[PDB]
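The block underneath contains the structure these notes are about, expressed in structure tokens.
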């Protein structure tokens, strides 16, 4: 499917965005 | 915005500031942000209107990185160089905007058929292009332009072009300019806050149109974000002054 | 109208009334009844004019429940969503109206043939669409536009659209907006009091037209009836904000 | 003499003048002898008590709902519970009936704001006695069995006795200055088409359903005399506040459901028997 | 009476009014009830500290480059050396990163002029000591090993110690009142097309590459204490001067390179899972 | 209110304005941000000893 | 502002900030961001009932989690980030009395002040930048560099001098109010508890001498300068 739709669980919070805990996003 | 003169603690002597070149060549100043946003941007270049559909939807939002083409991705009806316009680059710095936008629509025809442009206020969706509203197969008996909403007609035999100004009919204080990912499926009410409504073009018979967009006179931007990470390869497609 | 504050006998303390949102978003107020009635409604969407007939009759009356489509009934030339327009909903609350109406007629052509729009005052009948007056088979030698009545011409090569304002040429103080049953055969003079005349469009050769209607500047409504029994199923054709 | 005219100006030709607008300028041609003559409103005119705006119509009291209150109803029990949204009465079922004036006119607009007024008329006598609590609940809603959750919000306790009516202004407390309508801006479905997910996916917008609720709970159980009825009906009226606002004209959410017949040609279409 | 109207004038018909211009006159039709009504900015409006012009954005300090300065760096050695052109960062390679505000906005214009301001922040402590010389070199450039050539131009010697920052205005000294941009006015290549000489021959213009250079050389070798680091980083900020000017709007030289996704129809395009 | 506009005038449409003439009126559209902005001759201008006419 | 000669307690020329029942001193100078306005006028329209302040609770200094800066950290790396108010309610300092009004009220407008205190030794060196991004929901992963931080309202911390930094954060949101708490009965259509993001980023890496410390610590403190609450409800646990 389209991979942009939903963020992977390990990097994201419940609201489908990058978690504040996940510093490595940058 | 932070100018950063705060951090500049050094107060040693410096060279002259000189005299500005502004006004020397001409009085046509082009530095004003509002003046840059008020000159038009090509969205759709010769796109088809089909009377089998409700009409061609145009989401009410200014040009930005949201409409930027990337080599490899799926082919859209949008103009590819929207993201590289001055005003798109400016709108990438401001995530808030309030006020009216102006849409210049040109119908490629000289016929006496009326083409209607209907304004839809903020309903919470975000669509573009030809769409069958509620997936019906007949819209001549139930046209969007004759439902009650504000509408204006183009008569190409008289004038194939028009300029229409759409209001800020929304619940929110500001409209959101852009997101990090435009195709991400997040909280549905927040998803639709990047537009303030739609502009729907409905023909009689099959015909092509072109669409430009600009900011209105009553228009403001705010929430300065600063410059993003960017790339260029302009150098490669030009000779230097030394052959 | 009865506000009903009469019946409100309670005079205990209440929460704050706050401040109005009117003027906050924009100064474009859309609450005025007259302003709502003065913006146009699509009656006929691409209907044929035939020169074998006298002309296409348009009965002079505002949009209302009289022109409402019901699923199952016989197919008419009328727009199906007339009954669901704001101004039709407003006119369903007022059974009296006085003053002029304005009709925007667009001929789907660019030819040099003149299309005539003739005003007929209140004669006591109520018809719409193509009709042979006195069931003849020839009307080029005896046109309605050259009988003596007030007439205006459209020349599509110059302008395919026109806006014409029809007067309140009737015997009655008020025109009746609607009836309970529009097809009921009752007292014939009362039957015709729902219109103030007709507007008749006559072509040279076969051609299509579209018709809009709105209230004039000189226009009033009265005899407030309150809201009727209604139905809706809008919920069913939309997703919620929680998927 | 026949001197040349050197005066000129650039023009932008448009087919209609002020076509979208309800006011301003018009290029309308009068079908009259005198082109500037108008209808006289010297004798016959609009009566002063008639509504001039849609907000005037919204200020009319209209019977929204009804509920029963009996001596069997234990304390804390929800007598009344509804989402107070003037856009739609229900989100999960069809409506058919006599909608209130303020709901009818709000159905014509895409946006609404300002406080909403309620009035609770208790169809009782002097021998009926009891107490209820009216509560306006925002964002978060209360459990049916948890009266304390309702008590923590904006409340008005009414002691039923000689007075058999109570007024209640519902405050406007939201994150936005206006709220968009839960009904559709445009719906081309006219023949009760069987809906699917593709139809919903290609809708005009997304329904932002309201979580604001108004509830009525028992404080003191109804204790009428044996000689009178043990249960009474309570009429719930509704109207817009004094600072109620509406904006963004759209397709009407409601439409007549009773005695709807389309017009025919009179007398050509078989009127002569 | 119906007297004839003898008044007339010659006209030149145009399709649009003020289409090219950012200000002046417009023939725009308002999609409103009132044709002269506008958006209210009584409560919600642009904040006073927000930039109003592109020159205001150019006055924001932005981190251009960085370089290291160590105790091993002998006297006269180039710590920093660049062509200071706000049009392009490189002439001979691709750029990818976070471009400064003044470079970003200058990329939107075909012409620039006026002095450019630099600020050198030495990421050090009180125990670091040394001297460098900043030099603005015009027309003719210096050899890497010939410090004397750099010293003969417009220079500022900075004694690093307690103060760990120095400002430097780069004078505008050129044969023209403005300089044309080294980037292209229009580039239709979107899919990283493999370039040839025929493509370059049919370009929009010719790149007038700047020979103006700013350099930083060692005057006194860095001599920190043994207890601290022997090498330090130097941050080089850049912005437009107070009389920085821009003119001739063009295609933006820079464009977003991170998290670029084109819009789709919501919710028709497979949002309903 | 939305009153009718009864004002009108007869016009003769021409494609160009002042096409043959060296002076007078022009319908020229400026390719600028400001439509009434012009070139500055404050510093750089025609020298006084240069010829102004063919005579 | 000016140092003095050494005495029994060193150079006793410290400054301090007292807010409610909390004091924070500083040994060296401080950097402060510009006092910039919030949206005003919509408050009276958005809420029919009057809004409330609890200055004694909200306007006091409250420390949050410690930040460790190492020599391994490169330029542009996120040391920490905070979605506010969410993270100050249900992640950091959860037992703070600053959070008490958020239990009962559903809406609010919030202007904050964030003080940062660093403690690196005189033989270290480095630069850290803290910036704010207004209305950052679904735009955290773009315009999120050191360059974007230098453009937006920010403060700069030198890791050797230990200068303090004070970031003044107004309320700049696309709605009139921000929602305080999610709930099972409440809608999931609106993201609550986030009107802004705070980023703490490396501007220049931490460096140290021979046999020196390979890390040092920074401590953020927060307070509300103007916290107006609206829409009273039954009290709930925070997230």
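Each value in this text was obtained by applying a stated rule to the coordinates, not by laboratory testing. Neighbour counts are summed over all protein chains in view; Cβ atoms, including those assigned to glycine, are modelled from backbone coordinates with ideal geometry.
Couple of notes before you dig in:
- Two-site FRET efficiency, residue E:272 against residue G:215, from Cβ-Cβ distance with R₀ of 45 Å, rounded to 0.05: 0.35
- Cα-Cα pairs of region D:146-239 separated by more than 22 Å (percent): 58
- Per-residue mean of foreign Cβ neighbours for D:207-215 is 5 (Cβ atoms of other chains, 10 Å radius).
- Virtual spin-label span in nm between residue C:190 and residue D:230, 7 Å along Cα→Cβ: 5.1
- The convex hull around the C-alpha trace of region G:14-104, projected and averaged over every direction, spans 9.2 square nanometres.
- Remark: mean inter-chain Cβ contacts per residue of G:22-30 equal 0, using a 10 Å Cβ-Cβ cutoff to other protein chain atoms.
- Calculated FRET efficiency for the pair residue G:184/residue A:9, C-beta based, R₀ 22 Å, to 0.05: 0.55
- Each 10 Å bin from zero holds the following percent of Cα-Cα pairs in chain G: 7, 29, 33, 20, 8, 2, 0.
- Grouping the Cα pair distances of the protein assembly as shown into 20 Å bins from zero gives a pair-distance distribution of 9, 32, 33, 19, 6, 1, 0 percent in increasing distance order.
- Relative exposure of E:31, F:31, B:153, judged by other C-beta atoms within 10 Å (fewest first): F:31, B:153, E:31
- Within 10 Å of each Cβ in C:175-188, the average number of Cβ atoms from other chains: 3
- Distance between the modelled labels on residue D:195 and residue E:204, one decimal in nanometres: 5.0 nm (7 Å Cα→Cβ projection).
- Spatial separation of Cα centroids for region B:130-207 and region D:161-211, in angstrom: 20
- Ascending list, in nanometres, of distances separating the residue C:114 label from those of the other copies (7 Å, Cα toward Cβ): 2.3
- Ordering E:33-43, B:50-60 by mean Cβ neighbour count within 10 Å, with the highest value first, yields B:50-60, E:33-43.
- Each copy carries a label point for residue B:23 at 7 Å from Cα along the beta-carbon vector; from one copy to the others these points are 3.9 nm apart, nearest first.
- The value for chain B of Rg(Cα) / (2.2 N^0.38 Å) is 1.22.
- When Rg and the Kirkwood radius Rh are both evaluated on Cα atoms of region B:1-124, their ratio Rg/Rh stands at 1.12.
- Note on residue C:233 and residue D:39: their simple-model spin labels are 3.7 nm apart, each label 7 Å out from Cα toward Cβ.
- Whole-Å distance, taken between Cα centres, linking region G:2-16 and region G:155-203: 36
- For the peptides C:32-38, E:89-95, the ranking by packing is C:32-38, E:89-95, with the highest mean count of neighbouring Cβ atoms within 10 Å listed first.
- Sorted by Cβ density within 10 Å, fewest first, the residues B:39, G:68, G:75: G:68, G:75, B:39
- Per-residue ellipticity at 222 nm from helix content only, as computed over the protein assembly as shown with -39500 (n - 2.57) for each DSSP H run of at least four residues, stands at -1500 deg cm²/dmol.
- Using the Cβ-Cβ distance between residue B:77 and residue G:54 with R0 = 60 Å, the FRET efficiency computed as 1/(1 + (r/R0)^6) comes to roughly 0.65.
- For chain E, the alpha carbon convex hull comes to 330 Å³ per residue, rounded to a whole number.
- Region B:1-102, relative contact order [Cα under 8 Å, separation at least 6], %: 25
- The residues D:2, E:215, D:164, when put in order of fewest to most other Cβ atoms within 10 Å, stand as D:2, D:164, E:215.
- Averaging the Cα positions of each part gives two centres, and for region A:4-26 and region C:1-53 these lie 46 Å apart.
- For the axis carrying chain B to chain C: nearest C-beta residue of B, whole Å: B:110, 6
- Scattering curve values for region C:106-243, log₁₀ I(q)/I(0), Debye with Cα scatterers, q = 0.09, 0.11, 0.19, 0.20 Å⁻¹: -0.43, -0.61, -1.25, -1.32
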